[PDB]
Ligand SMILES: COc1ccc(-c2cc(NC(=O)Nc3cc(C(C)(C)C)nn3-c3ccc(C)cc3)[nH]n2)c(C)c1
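Shown here is one chain on its own, the form solved without the ligand, set out as C-alpha cells.
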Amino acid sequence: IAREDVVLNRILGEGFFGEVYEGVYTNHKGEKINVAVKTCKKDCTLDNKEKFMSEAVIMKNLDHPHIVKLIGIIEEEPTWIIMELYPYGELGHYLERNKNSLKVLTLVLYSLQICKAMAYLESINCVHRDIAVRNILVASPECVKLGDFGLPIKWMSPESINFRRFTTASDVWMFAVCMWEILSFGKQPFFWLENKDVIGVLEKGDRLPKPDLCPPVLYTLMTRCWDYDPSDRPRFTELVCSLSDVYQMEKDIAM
C-alpha cells in the first residue's frame, strides 16, 4: 500500500495512540474500500511507537472472520494503520437502534461469533482485555467482529480489578459481561453503581441479573463464567460448544 492509494475524508475519532481518520483505499484491481486510518501522535515515546506497531502486526496476522480486518500498514512516517471500516458501526449503538427488530436468535448468534474469535485467541494464549459491545463492529446484520486489544472496571474479573492480573480466564469473565450487554440490548454493566462499588458487590457474591430476553440456559452459562475462582471458569472451546447448542435450539424455536 502506497500512501497515494488512500484518501482521508474526515475525523473518525481519537484512539489511544493518536487520531483516527475516515478514508477510502483504492486497491490494485481499482476497487474502493472504506477504511479507518489510525495514526500515532508525533509526541509519543519510542515504547509507545513500538507498541502501536506491534499491536498492528497482531491485527495484520489474525485473519479471523469475527475479528476486525487490517488492510495494510504504512510504516513510513507519518505511520498509518489502515483498518477496514464497517458500515453499521459499534454493536452497542446498533443494538440500541434495532432493539424493536432484533430477536433472541440473532443475539445468541453474535455471542457465538465473538466466542469463536476468543477461542482462536485462547489457542495462541493471547489475552484481549476489551470484549465489550463498544469494541465490537457490525459488518453485516448477521456478522460481528471483535475490535482491537485493550479501566473498564464494570467489565473486569475480580483478579483483574484487585491485581491487574489478566489471563484467558479473566477474558472468559469479560466475555460473559459482553454477552450480558448483548442480551440487554447494549446496557452498561452495573449501570447503577460507581466503579468503586463494583468489587465490593462482586466480593459479596452478587452478579448481573438475568436480562429479560436472555434464555435461562444462557444465564446459567454466564453464571459459570462469573465464578470467583478463575480455575472453575469454562474455557472458550467449551463455550463455543454450549453456545452452538443454544443457537441451534433458538433457531428451531424461531422457525
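Numbers for residues come from their place in the sequence shown, where the first is 1. Rigid core: the largest C-alpha set superposing within 1.5 Å between the two forms.
We do not show the form solved in complex with the ligand, though everything after this point is about it.
When the ligand is superposed onto this form from its pose in the bound PDB entry, 3 or more of its atoms lie within 2.4 Å of a backbone or C-beta atom, and the site is blocked. Shown alone here, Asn27 lies farther than 4.5 Å from the ligand in the bound PDB entry, counting heavy atoms only. Residue contact check for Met222: none of its heavy atoms lie within 4.5 Å of the ligand in the bound PDB entry. In the bound PDB entry, the ligand sits beyond 4.5 Å of every heavy atom of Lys116. Although the partner is absent here, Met174 sits far enough away that none of its heavy atoms falls within 4.5 Å of the ligand in the bound PDB entry. Of the candidate stretches 208-216, 226-234, 63-71, 193-201, only 63-71 contains residues with a heavy atom within 4.5 Å of the ligand in the bound PDB entry.
Think of it this way: in the bound PDB entry, the ligand has a heavy atom of just one of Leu107, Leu85, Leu95, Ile161 within 4.5 Å, and the residue is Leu85. Contact annotation for 123-149: residues with any non-hydrogen atom within 4.5 angstroms of the ligand in the bound PDB entry are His128, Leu137, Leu146, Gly147, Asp148, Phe149, listed in sequence order. Residue shifts between the shown form and the other one, rigid core superposed: of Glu194, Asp229, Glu203, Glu50, the only C-alpha displaced by 2 Å or more belongs to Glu50.
In the core-superposed comparison between the shown form and the other one, the C-alpha atom of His64 has shifted by less than 2 angstroms.
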